[PDB]
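The block underneath contains the structure these notes are about, expressed in structure tokens.
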Amino acid sequence: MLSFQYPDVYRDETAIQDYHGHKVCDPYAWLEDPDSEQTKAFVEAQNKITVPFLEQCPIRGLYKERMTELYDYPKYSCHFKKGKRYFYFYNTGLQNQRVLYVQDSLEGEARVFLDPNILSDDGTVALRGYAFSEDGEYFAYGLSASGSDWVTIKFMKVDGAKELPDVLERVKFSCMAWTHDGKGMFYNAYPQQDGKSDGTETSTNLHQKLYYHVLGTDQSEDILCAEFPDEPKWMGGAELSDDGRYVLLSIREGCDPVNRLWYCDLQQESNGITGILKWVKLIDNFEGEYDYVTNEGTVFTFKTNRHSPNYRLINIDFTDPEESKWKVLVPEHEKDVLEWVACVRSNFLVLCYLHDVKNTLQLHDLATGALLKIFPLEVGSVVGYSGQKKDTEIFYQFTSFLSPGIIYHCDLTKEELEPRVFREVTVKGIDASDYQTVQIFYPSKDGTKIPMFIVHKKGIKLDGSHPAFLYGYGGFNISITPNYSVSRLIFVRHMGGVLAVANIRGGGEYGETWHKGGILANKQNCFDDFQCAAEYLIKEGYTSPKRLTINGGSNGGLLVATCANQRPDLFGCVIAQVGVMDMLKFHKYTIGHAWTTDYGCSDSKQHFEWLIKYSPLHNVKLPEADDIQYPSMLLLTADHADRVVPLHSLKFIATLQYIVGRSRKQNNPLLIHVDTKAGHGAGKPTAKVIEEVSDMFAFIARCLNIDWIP
Ligand code: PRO
């Protein structure tokens, strides 16, 4: 099958660094420079072989055509009210970017409010964050170009959708919060740095500050409200309390679900927002999470994990702040994780729980925390919600593996709440009734039972002859819940595959204990859990090693790259998207410093010892057995992928091609594809999404020789 030659890549054999006594060679360290002629040549050379390999099989065109047909279904966001108008996002089907619409009433004629498609020919300019003024008459929105995390904030007057001249630059990982007087808005920005700031640079992001922009002024006049000169890594996001009296500052350092919480009573400012605010340091440590829900006077309701791994709701009275005085409003559940909470219709709380990786939604009384109503839902996830404290109705969107989903609506002014279907779309061509989703629990190496969802065609024989696609993330307290993917269903219907999603440790499926069970010294638990998922699928007859493909992106990219190194015998194909591969230097680039809470940092001897054992870049080794080679591998990244810089993938593929690719027994391809005008993934235009999934499934089809089923 292999009919190409890997490109020549210079090895700097002098690049040696000592890590606590352990010498480490990094011969491809020069790929860390994105703008060098050497790196640019490397990328061109790699793409030169990858593209023809992916496009040789007619299967790619068949998949692409099918994906284009099936993905063409109306896509709506929940309606949300702001001021006197309703807004919602809607994509007719194949538009590159969804459009924001506005209407005067739920039964009124809708009109376009903001169409990002006219901002670029290829749909590479996308909305990234937005905030309406309290009265709903002004609108702030962020725009990101080419997939970069960098944002430029723009403004509009809602009535007439008039563009305003206000423009804010250097915005990244920013809050957006208008003061209720409608005078200005809080946002975050970074200091000037040498080089570029378009997503192609690798420069670390430090010293983020909180500013206040007065509408109608130039950004140069913005007020600095908070900064942390002695703590370069801290990031403070502002939000206004529902009554607009307080500014709450949530300060974070890293990715752990914890934050300091300071507040500023705006009424106590000597003369408005003129400089650093009179911050009151309510919670001045990083011991727990405090997510504002609402407040009634000085009594603030927060969702927290303080002494509660599955989360709970507590009330802190600012006038009697000591912990011994806090009141528990809704106690922690023994197993179900409280994911999020919203306050609506003045005194109702909407609580969303995760029960065995499926969402449940319920209404509670704010005063007592008592359960009032359970909103019926099928097995799946809640992926959209609308309903503020001044609102008198809620909208929520549900999705699952087999259906795009439904948006429900509930008028909360009615004595007997009756949720009703507001919007429901069906995908013609895919009969959900022909497939099934099951949830099993498999034991890992240490005996821990791990959940896994498996989706397949009803009635298949578990003889191990089916191609399988196993997905995992495993980290950062992220829960991987059911979601609708037409791309994966085409693999099931047209390639005869089985889909599996493993809820390994490191995620937040079972609260903080689940997260802590897969980080730092225990990161290897993630990998063991994922490898055990693969073993289960094989033992149970869903697939065989040669027909199994594993996929993950970002921390999930690290996941699959590590599994390829540790158990190359268990997989036939590996697809890693925007993955972290150099665990020794990840903290040196862009926002990488934030991930040390999950991984540790090589600067520490103890941490280095954990990292070196699994860092993909440092564990590529020819399999000992003559009959075992590495699985076919495809790494995907992009020029503006500034969350997890491309250098990780570039150095990893160079190493794979040299160490493994040069061996006589290696016949499976080891390829990388670097896309242009794209980033980490958020905001990717539909056209690119279709191309990407088409590449992925074409790779799988070619490497495993899978026949298309019309
Ligand atoms: O999406 C991700 O996984 C990146 C890398 C780890 C933390 N955030």
Side-chain angles (χ1 to χ4, degrees), residues 76-90 100-111 113 130-139 158-159 177-178 180 182 239-246 291-297 299-303 313 315 329-330 338-353 359-377 382-398 405-424:
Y76 297 86
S77 87
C78 288
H79 262 54
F80 57 96
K81 190 178 188 58
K82 292 295 183 179
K84 302 176 178 179
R85 313 180 177 77
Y86 284 90
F87 296 81
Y88 62 97
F89 287 97
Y90 168 46
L100 179 55
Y101 288 80
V102 62
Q103 57 188 128
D104 298 325
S105 59
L106 214 51
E107 50 190 74
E109 181 178 274
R111 62 188 176 275
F113 183 64
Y130 65 86
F132 280 87
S133 65
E134 178 63 24
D135 66 0
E137 304 293 355
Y138 283 85
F139 170 78
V158 175
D159 181 30
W178 294 83
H180 295 199
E239 74 193 308
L240 276 294
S241 57
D242 292 328
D243 57 17
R245 184 163 191 246
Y246 298 89
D291 162 53
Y292 173 70
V293 179
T294 189
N295 69 290
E296 287 291 322
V299 181
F300 281 64
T301 303
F302 291 104
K303 171 180 77 73
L313 287 172
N315 283 169
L329 188 62
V330 176
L338 179 54
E339 290 213 298
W340 57 264
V341 183
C343 180
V344 63
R345 208 213 73 174
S346 306
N347 68 167
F348 284 154
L349 294 175
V350 170
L351 312 217
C352 185
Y353 283 94
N359 282 139
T360 68
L361 205 295
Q362 50 201 252
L363 198 71
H364 294 238
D365 168 58
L366 172 61
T368 62
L371 170 66
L372 297 175
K373 181 65 171 57
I374 293 174
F375 294 106
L377 294 171
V382 172
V383 295
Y385 166 84
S386 86
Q388 279 163 214
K389 198 179 186 62
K390 69 173 162 188
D391 290 325
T392 65
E393 67 198 330
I394 57 181
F395 284 92
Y396 50 97
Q397 180 169 201
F398 166 89
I406 300 173
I407 294 175
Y408 294 97
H409 166 257
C410 188
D411 179 354
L412 299 171
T413 63
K414 295 294 149 59
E415 189 61 80
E416 180 80 11
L417 309 178
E418 295 180 359
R420 307 175 91 99
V421 173
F422 184 77
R423 198 139 45 194
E424 182 172 14

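Numbering of residues begins at 1 and proceeds along the displayed sequence. Hydrogens, waters and symmetry mates play no part in the numbers below; they use all other heavy atoms, side chains included.
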[atom2] on [Y] to [atom1] on [X], rounded to 0.5 Å:
X	Y	atom1	atom2	answer
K389	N295	NZ	CG	7.0 Å
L100	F87	CG	CZ	6.5 Å
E393	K414	CD	NZ	10.0 Å
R345	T392	CZ	OG1	9.0 Å
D291	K303	CG	NZ	5.0 Å
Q103	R85	CD	CZ	12.0 Å

**Message:** Would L351 and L313 count as a side-chain contact (heavy atoms from CB on, under 4.5 Å) here? Give the steps.
**Reply:** CA-CA 10 Å; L351 312 217; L313 287 172; 4.1 Å; yes
Side-chain heavy atoms of [X] within contact of [Y], under 4.5 Å:
X	Y	result
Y76	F422	no
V350	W340	yes
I374	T360	no
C410	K373	no
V102	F139	no

**Request:** Scan side-chain atoms only and decide if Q388 and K82 contain a donor-acceptor pair under the 3.5 Å cut-off.
**Result:** yes
Centroid-to-centroid, [X] to [Y], below 6.0 Å?
X	Y	result
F300	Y292	yes
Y408	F375	no
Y385	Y396	no

Got a donor-acceptor contact below 3.5 angstrom from the [X] side chain to the [Y] backbone?
X	Y	result
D411	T413	yes
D242	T294	no
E339	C352	no

**Complete:** Taken in chain and number order and not counting sequence neighbours, the residues that satisfy salt bridge (charged side-chain N to carboxylate O under 4.0 Å, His left out) with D365 are none
**Message:** I need the single residue from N347, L372, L371 that forms a side chain to side chain contact (heavy atoms under 4.5 Å, CB included) with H364. Which is it?
**Reply:** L371
Work out which heavy atom in [X] is nearest to a heavy atom in [Y]; give both atom names and the distance.
X	Y	value
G384	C78	C-SG, 3.8 Å
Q397	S77	NE2-CA, 4.3 Å
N359	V382	OD1-N, 2.9 Å
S386	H79	OG-O, 2.7 Å

**Test side-chain contact (heavy atoms from CB on, under 4.5 Å) applied to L329 and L349, step by step** = CA-CA 11 Å; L329 188 62; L349 294 175; 4.0 Å; yes
**Asked** Does the ring of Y88 carry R423 above it, NZ/CZ under 6.0 angstrom from centre and within 45° of its axis?
**Response** yes
**Item:** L366/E296 under side-chain contact (heavy atoms from CB on, under 4.5 Å): CA gap, chis, key distance, verdict
**Value:** CA-CA 10 Å; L366 172 61; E296 287 291 322; 3.9 Å; yes
**Request:** Please say whether more than 12 non-hydrogen atoms of neighbouring residues, nucleotides or ligands are located less than 6.0 Å from CZ in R420.
**Result:** no
**Request:** State whether the number of non-hydrogen atoms from other residues, nucleotides or ligands found under 6.0 Å of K84 atom NZ is greater than 12.
**Result:** no
**Message:** Test side-chain contact (heavy atoms from CB on, under 4.5 Å) on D391 and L412; report intermediate values, then the result.
**Reply:** CA-CA 9 Å; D391 290 325; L412 299 171; over 6 Å; no
